[PDB]
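J.: next one to model:
(chains A, B, C, D, E, F, G, H, I and J, ligands or ions: 5)
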Amino acid sequence: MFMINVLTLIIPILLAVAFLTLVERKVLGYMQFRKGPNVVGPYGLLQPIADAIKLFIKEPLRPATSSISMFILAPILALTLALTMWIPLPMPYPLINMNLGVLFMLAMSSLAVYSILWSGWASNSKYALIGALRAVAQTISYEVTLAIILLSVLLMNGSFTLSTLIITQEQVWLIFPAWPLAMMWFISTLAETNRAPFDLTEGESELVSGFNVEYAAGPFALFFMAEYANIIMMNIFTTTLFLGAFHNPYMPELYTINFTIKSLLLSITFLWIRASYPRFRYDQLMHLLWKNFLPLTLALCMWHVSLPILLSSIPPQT
Amino acid sequence: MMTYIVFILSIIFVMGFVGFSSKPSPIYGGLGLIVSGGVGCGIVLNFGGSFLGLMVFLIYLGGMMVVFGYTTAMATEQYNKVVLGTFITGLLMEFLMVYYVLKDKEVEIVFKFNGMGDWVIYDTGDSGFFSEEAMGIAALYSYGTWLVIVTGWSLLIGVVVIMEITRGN
Amino acid sequence: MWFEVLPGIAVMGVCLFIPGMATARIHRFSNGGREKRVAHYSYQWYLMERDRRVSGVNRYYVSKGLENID
Amino acid sequence: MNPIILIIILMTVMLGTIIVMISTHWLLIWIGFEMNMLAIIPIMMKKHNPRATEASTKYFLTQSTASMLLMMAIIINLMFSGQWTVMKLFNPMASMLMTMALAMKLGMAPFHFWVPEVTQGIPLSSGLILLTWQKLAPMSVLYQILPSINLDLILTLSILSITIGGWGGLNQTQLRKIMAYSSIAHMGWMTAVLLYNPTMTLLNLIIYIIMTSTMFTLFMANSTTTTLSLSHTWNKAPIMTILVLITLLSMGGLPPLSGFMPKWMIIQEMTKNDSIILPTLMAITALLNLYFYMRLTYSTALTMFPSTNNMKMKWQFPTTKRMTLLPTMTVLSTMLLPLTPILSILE
Amino acid sequence: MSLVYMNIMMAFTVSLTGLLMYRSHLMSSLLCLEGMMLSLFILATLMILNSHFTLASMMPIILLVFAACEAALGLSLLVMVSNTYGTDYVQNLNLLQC
Amino acid sequence: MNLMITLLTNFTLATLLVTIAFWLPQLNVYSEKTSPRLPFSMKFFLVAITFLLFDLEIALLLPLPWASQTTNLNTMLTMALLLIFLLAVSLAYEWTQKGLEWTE
Amino acid sequence: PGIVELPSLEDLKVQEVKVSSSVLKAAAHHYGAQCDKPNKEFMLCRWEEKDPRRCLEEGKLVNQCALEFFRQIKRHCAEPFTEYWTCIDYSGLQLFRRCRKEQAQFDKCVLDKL
Amino acid sequence: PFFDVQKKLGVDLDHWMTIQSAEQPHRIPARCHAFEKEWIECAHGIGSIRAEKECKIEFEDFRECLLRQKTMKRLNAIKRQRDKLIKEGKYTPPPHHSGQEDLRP
Amino acid sequence: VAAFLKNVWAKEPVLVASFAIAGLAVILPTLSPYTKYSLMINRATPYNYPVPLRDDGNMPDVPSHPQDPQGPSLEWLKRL
Amino acid sequence: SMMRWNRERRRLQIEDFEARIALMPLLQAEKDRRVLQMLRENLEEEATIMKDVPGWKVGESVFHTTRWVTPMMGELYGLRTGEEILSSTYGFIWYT
Ligand SMILES: CCCCCCCCCCCCCCCCCC(=O)OC[C@H](COP(=O)([O-])OCC[N+](C)(C)C)OC(=O)CCCCCCCCCCCCCCCCC
Ligand SMILES: CCCCCCCCCCCCCCCCCC(=O)OC[C@H](COP(=O)(O)OCCN)OC(=O)CCCCCCCCCCCCCCCCC
Ligand SMILES: CCCCCCCCCCCCCCCCCC(=O)OC[C@H](COP(=O)(O)OCCN)OC(=O)CCCCCCCCCCCCCCCCC
Ligand SMILES: CCCCCCCCCCCCCCCCCC(=O)OC[C@H](COP(=O)(O)OCCN)OC(=O)CCCCCCCCCCCCCCCCC
Ligand SMILES: CCCCCCCCCCCCCCCCCC(=O)OC[C@H](COP(=O)(O)OCCN)OC(=O)CCCCCCCCCCCCCCCCC
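T.: Numbers count the residues shown, from 1 in each chain, chains lettered A, B, ... in the order given. Ligands and ions are numbered 1, 2, ... in the order given. Sure, structure below:
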């Protein structure tokens, strides 16, 4: 009975990741004054299926790898972490109700850079490794503000428990006391998943994404679907964290409908940010972290430490 | 078998240490230390150190071993007898210790060791509406004042020291 | 026009609705028509194990009220 | 280096030493050693040449290994005592590991193999800090754990340190390696008397720090790192040859000088406890230390080695170095033997 | 005593004898040093959770923080050695024999 | 237990996807194709070390939502603002001594 | 060393309070209001003797006064109490704040009839 | 050179984490609080030399509380004899040691 | 000081908001009238058990029952 | 809004903790009789197992004191089945 619940978590994750590619190509189509796919299925609904079947019967590209073991383990680790980030998410009930779900998700997302690092090791090109080290330095840079913004918000929650964060936001959305934390959170999660305007691997400002370079890389579909699982998950986590919905304990479907609509709007906001801006240069998003976001994050961290003490609004532990 | 879960994770822990400590390459040594840190985190989690195990994942594996793999990637080159021989040496020493302490429920290498499952030594009471481990860690700010002062001073000095010795001038 | 993106958004929305609705219905099926007991603290687990021992069927979710006392 | 950053980093070295000296908890002892190493690493890399990076790497590896063995000894103590007070250790395995860790931190033999390399690789001021100030905190911990120190272990480390520091300096022509092997022999002398009377241990440590500070200050003021560069000192500043003469005669343990005071008090407190063979062999082994000290006095003060022509230009310039406390340290390293019962202030 | 303490101490000694027997790479030495720290972390944590000694729950965190700052210092030393000699080999650090 | 079952299930589904994605495109026999140190940067290593040290400072900051529940609130607030201030002072020394340059 | 002295299984026989935790938590405020004196005698004996073998008679008096409490609920207000602990019992955290009208009915009937 | 600055100035820098019987957050007892309190209140003031030979029983009870070596050795003896009697067939396990008796509360 | 403040607010407003939020976080709890109530609420939250006292004969402030008048009260917390 | 609502959450936490406090004497009485039940069962089965063993004191304390020592997990669940062992010794940790 529990394995049924695990599978009804993880298989609709993969189906939602499949149709996020359709939603991306359509919404980026209409924002670019064109259409997205509408030929392959009715209104494009067979495009993820056709594209997945195409990617699964396509040849392994040309080259060989430096390390077979890490070439195998990097997509395994990427997909495993991308699936385990969903199990403490209270929607309205988490699959694995743990006392430290926030800290669990922060730790498992900190583990996600090893897939990038091991895919940089496993490629033969010494330039793809440099691109991987740039990506690792980017992701570990924005994990700092993820941790401190998350701590500053949890000072109004009382615990690391994700299910308590529904109870915390019963009177107001938590974006009202913490909107600067919320906007730096949203941009930092955008910079976490290598998502535009922070996608330097998939774009220019890159020493190796330069057309007729070497570097045996993994099967693209696995890292791609791990990345879109991470995108939907970080938007659901932002929805739980700042825009927490009404929960009737006798009707859980009201909360599920409400957080689902908000998470869809927030993922479409990712789609609408990537179709609106040019890319940062690498030192420009290093600037944006280290000289812009981190001073405000430390200042608001001091503020959200000292603020429940001065307002007599310290939340309960339980 | 399932009452011996912390013991089996500790055997995987020692096997991973024999793995990376035999030193094939700093890349695979880093991988072995990652798998070892994960299973030792599971050992800590099965006593009720949930925060301390997530400190292992978030801090040890999350920051420090990421920086080790990062710095290895800048210092090694991507493309034996002694490594595999020392690996099977440590594996045979560990399994002979396992076999002795299992068939005898007793061993003495340096100290005397029980051979039963380490479930036996636990407490039989509750902690109420808190974790004792969480409250003891929370007391770093009310009881560990001097400890916070020296730790923050060492970390600030550490930032200063790294900027001195990597400057080259 | 722009309502052509709504079938894909609707399919993705149903796919996000399935996990939460699924875990709520499975928690109510596995726990006697009620919410799953949350035991974050050892007192909550103590009361839950006491419920499991007083229910007589080795199930914490079989509630015994005043009909169980004389 | 920025002088502000230099002053803050030296205050952090001193802070780690003070945290070891005042704290009653083993974690804070370990924290003090960590802070001390973390702050002294830039002092060793003050000049940024490959010998300083090699010396700092070797120092890091040895002190890191010793700090981890120290924490393992502390953890075995927490097993077998359930507490953390910095006092005697409640297990001979924890006592053995902590004595090994402090022997590695002091560079006593057979863990001595870093001290001449690291002392040669670093400047004279950082070598002075390493051979005087970095001896303070592990001797304080050994002063506190001595009800549990194994006697055979500490005396094996002591006599092996005295013998290897005697034979090591006989082959040397670099001054920093001579001072490092002198350090190994004198640390053997300090730890040999520790379980018998640790007040004489503190007396040996204080007289040693005075004399080593005198020799490193003379070597800084003359800018001499080798024997043969020290040999030109008579044609440059002849008073410096006199001062290095009397200080090397002091460190050899000759009366009426104050370097005779510690070894005479150590022999004095080891014969009380019915040990005769051991202070006699220690005293006879210190004649090797006296031999390479007399080699340096022959090369510097008692003969006149040939100089070169460019010394005539250096005749026209005075020393503008801050020879800080050099007359005070020269007087205290030589003329203190009439004040030998002053040692009771360390009781 | 308890059975898991044997394996955690034996893990410390395995990473010790790895750290005390270099092959070529200084990075593998630092990996063995932080494996020693990892085994010390687990051993201290199991004692403190087993004893219900509440205030020492902050002890392994202070151990982890100090020794990871120590590891950062060692990685910076390795980086300066690698910028000197091109590799991180411990047989390149032999200038101080004379 | 249910956590371990879920981790094993996620690891199994991930390994199954990886094994399919490597072995399913090997079904179609293809034409066998017969035709035919990295530079160090100090700034890349320095941003990783700056991450590590600020991450240790964050590891000090993580017990704050439990630390606000104490009865010694003035000491707790002092040490909390002091840790965040020392993180800011580490950032200011990293700023002003040209440490955040060309990866700003 | 010496032999540990344990009470017999006859001395551990008592009529238990075989209700669920939501039944206790629903009744806990009136139980703390009404069953004060044997409970505090027991907890004083328990923190002073530091031995559960010297506290068995006070434990039996606690276990008897609790039964008198629930019998006195059962004679007067069985149905509002049953509705109230069912509403407490639905919640996974057993919130008091989800159940204020059933608490109001139970407190009204308890204040009137008892 | 234990310069006892803490007792000189009256500051409490690290005496609070030093023992298990100290003041704990929310008055949480250590599992060997009484044994450590007995050993400390025995050994207080008389020095290490008198404390090792005059407070030996309190320290042995406290070490056996901490490590539980005699307890685990006693359970090993009972469990090995029980398994030998089960293999020889000369002993049956009771229903209350098999999960057949509807536990107490 | 008014020229410098407008200049740093024109050139580096992120740092001005940073130092302003940090300075308010420092000096504001000593000026707030509700900082007393944070301490009062944290010391009134009953984690442990209220281990009762042996009635020796002279404890006039200690109640005999929880609903007795004497003893510590939380009417300030119900009202605020 | 967070001020009003976290003050309400603190008052609700105090109400929950007072319910726990009002139930702690009954739970402590049941827990005391529980552990004395299990120790008496272990003592009787130790008396009927350890008969052939020479020089065995049944119920012998491993402590020199006559003070009550809080029982260990292995002292209570030592002779019972592995399922009850797991449910008592890893149950809260492995719970969900
Ligand atoms: C959760 C749901 C979503 C949340 C909202 C997010 C949706 C909107 C997203 C829009 C698209 C963004 C795409 C990526 C953009 C990245 C670039 C960018 O914005 O850089 C940030 C820029 C970077 O600066 P810059 O590069 O623009 O400016 C130049 C910077 N210097 C001078 C250093 C060269 O600004 C910030 O860093 C601002 C961060 C958040 C600010 C929070 C303000 C708090 C104010 C408090 C009061 C202040 C008054 C004074 C004190 C009073 C005290 C009482
Ligand atoms: C949680 C929700 C998840 C939802 C996932 C799916 C989203 C999209 C839903 C489907 C939308 C409509 C799809 C219509 C596809 C085309 C059907 C069709 O008729 O294709 C024509 C083709 C050839 O037919 P032919 O015989 O040549 O006709 C000539 C007529 N004189 O005929 C054929 O090719 C043969 C018939 C093929 C039919 C395919 C239908 C779609 C299958 C998709 C796979 C998933 C199914 C759902 C699983 C989850 C729900 C249970
Ligand atoms: C390259 C190798 C392969 C890579 C892919 C696969 C590995 C990587 C992805 C998996 C990572 C696993 C992380 C699992 C632990 C996370 C921390 C944790 O257990 O948190 C949940 C919870 C804490 O909450 P709390 O409520 O306080 O505790 C329950 C008490 N009521 O605590 C609990 O619920 C405790 C439950 C019991 C303890 C669980 C222990 C799990 C098994 C051991 C570790 C397994 C992973 C080892 C490898 C890691 C990566 C190398
Ligand atoms: C139980 C014991 C408790 C504790 C008791 C006290 C122990 C005292 C231990 C003393 C250890 C001293 C170590 C050396 C000083 C540390 C700071 C330092 O390095 O100062 C030297 C300074 C650096 O200048 P810089 O320019 O970097 O050097 C290159 C040359 N241009 O400047 C120079 O290089 C200029 C050259 C002269 C430097 C002379 C410094 C002498 C300092 C020591 C005095 C003697 C010790 C005190 C008296 C005895 C105490 C026991
Ligand atoms: C007192 C409370 C506690 C205070 C400590 C806590 C602070 C929390 C925030 C953390 C900030 C971390 C980073 C701080 C670095 C400061 C140094 C700095 O940034 O100087 C450089 C800057 C000019 O920037 P530049 O170097 O050119 O940058 C490249 C793009 N041009 O130079 C400048 O822009 C000038 C910077 C100094 C002047 C800022 C004045 C702000 C005033 C705000 C109102 C008053 C607030 C109270 C605090 C006192 C401020 C004087």
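J.: the closest residue to ligand 1 within the stretch 51-200 of chain D and chain F: what is the separation?
T.: Using CB to the nearest ligand atom, the single residue of the stretch 51-200 of chain D nearest to ligand 1 is residue D:53, 35.5 Å away. (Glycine included, C-beta is placed from N, CA and C.) Here the distance between residue D:53 and chain F works out to 14 Å (CB to the nearest CB, to the nearest Å).
J.: how about the helices in chain H?
T.: Under the criterion DSSP state H, helices of chain H are mapped to H:5-9, H:33-43, H:47-54, H:56-67, H:69-88.
J.: so who does the single nearest residue of chain A relative to ligand 4 touch?
T.: Ligand 4 sits closest to residue A:290 of chain A, with a gap of 32.1 Å, by CB to the nearest ligand atom. For residue A:290, the set of contacting residues under the criterion of CB atoms under 8 Å, 6 or more residues apart in numbering or on different chains consists of A:141, F:50, F:91, F:94, F:100, F:104.
J.: and which of these is nearest chain E?
T.: Nearest to chain E, judged by CB to the nearest CB, of these is residue F:50 at 9.4 Å.
J.: all helices of the chain, in order?
T.: Picked chain A for this. Under the criterion DSSP H, chain A carries helices at the ranges A:2-31, A:47-56, A:68-84, A:101-110, A:113-122, A:126-154, A:164-168, A:179-192, A:220-242, A:252-274, A:282-287, A:294-311.
J.: wait, chain I
T.: Taking DSSP H as the criterion, chain I contains helices spanning I:2-11, I:13-27, I:35-42, I:75-79.
J.: now the angle between helix A:179-192 and the longest one, please.
T.: Think helix I:13-27. Here helix I:13-27 runs at an angle of 130 degrees relative to helix A:179-192 (axes from the mean of the first three to the mean of the last three CA atoms, to 10 degrees).
J.: quick one: helix I:13-27 near ligand 1?
T.: Yes: judged by CB under 6 Å from any ligand atom, helix I:13-27 comes into contact with ligand 1 at I:14, I:17, I:20.
J.: report the buried residues of stretch F:62-82.
T.: Going by neighbour count (16 or more other CB atoms under 10 Å in any protein chain shown), the buried part of stretch F:62-82 is F:62-70, F:72-73, F:75-77, F:79-81.
J.: quick one: is it near ligand 5?
T.: No: using CB under 6 Å from any ligand atom, we find that stretch F:62-82 stays clear of ligand 5, coming within 8.0 Å at best.
J.: end-to-end on that stretch?
T.: One end of stretch F:62-82 sits 14 Å from the other (CA to CA, to the nearest Å).
J.: report whether that stretch contacts chain B.
T.: Yes: in this structure, stretch F:62-82 sits against chain B according to CB under 8 Å from any CB of the partner chain; the contacting residues are F:62-64, F:66-67, F:69-72, F:75-76, F:79-80, F:82.
J.: related to what we said a few turns ago, next, format the helices of chain A as CSV and append mean neighbour count and distance to residue D:309.
T.: Output for those, formatted as CSV (neighbours: other CB atoms under 10 Å in any protein chain shown; distance: least, CB to CB, whole Å):
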stretch, mean neighbour count, distance to residue D:309
helix A:2-31, 20, 82
helix A:47-56, 16, 82
helix A:68-84, 22, 65
helix A:101-110, 24, 66
helix A:113-122, 26, 61
helix A:126-154, 24, 55
helix A:164-168, 23, 83
helix A:179-192, 22, 67
helix A:220-242, 22, 73
helix A:252-274, 20, 76
helix A:282-287, 18, 56
helix A:294-311, 24, 61
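J.: now distance to residue H:72 too, for the ones you listed, in TSV please.
T.: Output for the helices of chain A, formatted as TSV (distance: least, CB to CB, whole Å):
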stretch	distance to residue H:72
helix A:2-31	35
helix A:47-56	55
helix A:68-84	36
helix A:101-110	34
helix A:113-122	40
helix A:126-154	41
helix A:164-168	40
helix A:179-192	48
helix A:220-242	45
helix A:252-274	47
helix A:282-287	56
helix A:294-311	46
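J.: what about stretch J:10-26, near chain F?
T.: No: residues of stretch J:10-26 contacting chain F under CB under 8 Å from any CB: none, with a closest distance of 10.1 Å.
J.: pull the CA atoms of that stretch into CSV?
T.: Only the C-alpha atoms of stretch J:10-26 are listed here, as CSV (Å, rounded to 0.1, in the frame of the first residue of the first chain):
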residue,chain,number,x,y,z
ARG,J,10,2.2,30.0,21.4
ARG,J,11,-1.0,30.0,23.4
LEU,J,12,-2.1,26.8,21.6
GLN,J,13,1.3,25.3,22.3
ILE,J,14,0.9,26.0,26.0
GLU,J,15,-2.6,24.3,25.8
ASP,J,16,-1.0,21.2,24.2
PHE,J,17,1.8,21.1,26.8
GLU,J,18,-0.7,21.4,29.7
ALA,J,19,-2.7,18.5,28.2
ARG,J,20,0.6,16.6,28.2
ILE,J,21,1.4,17.6,31.7
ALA,J,22,-2.1,16.6,33.0
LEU,J,23,-1.6,13.2,31.4
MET,J,24,2.0,12.6,32.5
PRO,J,25,1.1,11.1,36.0
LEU,J,26,-1.1,8.4,34.4
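J.: how far away from the center of its chain is it?
T.: 21 Å (CA atoms, centre = their mean, to the nearest Å).
J.: how about it: buried residues?
T.: J:10-14, J:16-26.
J.: do the same with stretch G:25-43
T.: G:25-32, G:34-36, G:38-43.
J.: what does chain E put close to ligand 5?
T.: Counting by CB under 6 Å from any ligand atom, no residue of chain E is near ligand 5.
J.: and the stretch 101-250 of chain D, which residues reach chain G?
T.: Applying the criterion CB under 8 Å from any CB, no portion of the stretch 101-250 of chain D neighbours chain G.
J.: write out the residues of the stretch 101-250 of chain D neighbouring ligand 4.
T.: Proximity of the stretch 101-250 of chain D to ligand 4 (CB under 6 Å from any ligand atom) is limited to residues D:125, D:128-129, D:132-133, D:136, D:202, D:206, D:209-210, D:213, D:217, D:220.
J.: closest one to residue C:48 among the helices of chain A?
T.: Evaluated over those, closeness to residue C:48 peaks at helix A:2-31, with 17.2 Å, by CB to CB.
J.: return the distance of the closest one from the chain's centre.
T.: Taking the mean C-alpha point of helix A:2-31 and that of its whole chain, the gap between them comes to 14 Å (CA atoms, centre = their mean).
J.: before we move on, what about stretch G:3-18?
T.: Per CA atoms, centre = their mean, the displacement of stretch G:3-18 from the mean C-alpha position of its chain is 19 Å.
J.: touching chain C at all, that stretch?
T.: Yes: contact between stretch G:3-18 and chain C is present through G:15, G:16, G:17, G:18 (criterion: CB under 8 Å from any CB).
J.: got a PyMOL select line for the buried ones in these?
T.: Entered in PyMOL, the line below selects the buried ones among these, by 16+ other CB under 10 Å:
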select buried, chain G and resi 16+17+18
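J.: in strands, which of the residues of stretch G:3-18 next to chain C appear?
T.: Secondary structure assignment by DSSP state E places none of these in strands.
J.: picking that back up, please identify which of the helices of chain A is closest to residue B:49.
T.: Proximity to residue B:49, assessed across the helices of chain A by CB to CB, is greatest for helix A:101-110 (12.5 Å).
J.: kindly format the C-alpha coordinates of the closest one as CSV.
T.: Output in CSV follows, covering the C-alpha atoms of helix A:101-110 (Å, rounded to 0.1, in the frame of the first residue of the first chain):
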residue,chain,number,x,y,z
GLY,A,101,12.1,18.2,5.7
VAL,A,102,13.5,21.6,4.9
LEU,A,103,17.0,20.6,5.9
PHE,A,104,16.6,17.3,4.0
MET,A,105,15.8,19.2,0.8
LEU,A,106,18.6,21.6,1.4
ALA,A,107,21.1,18.8,1.9
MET,A,108,19.8,16.7,-1.1
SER,A,109,20.0,19.7,-3.3
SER,A,110,23.6,20.4,-2.1
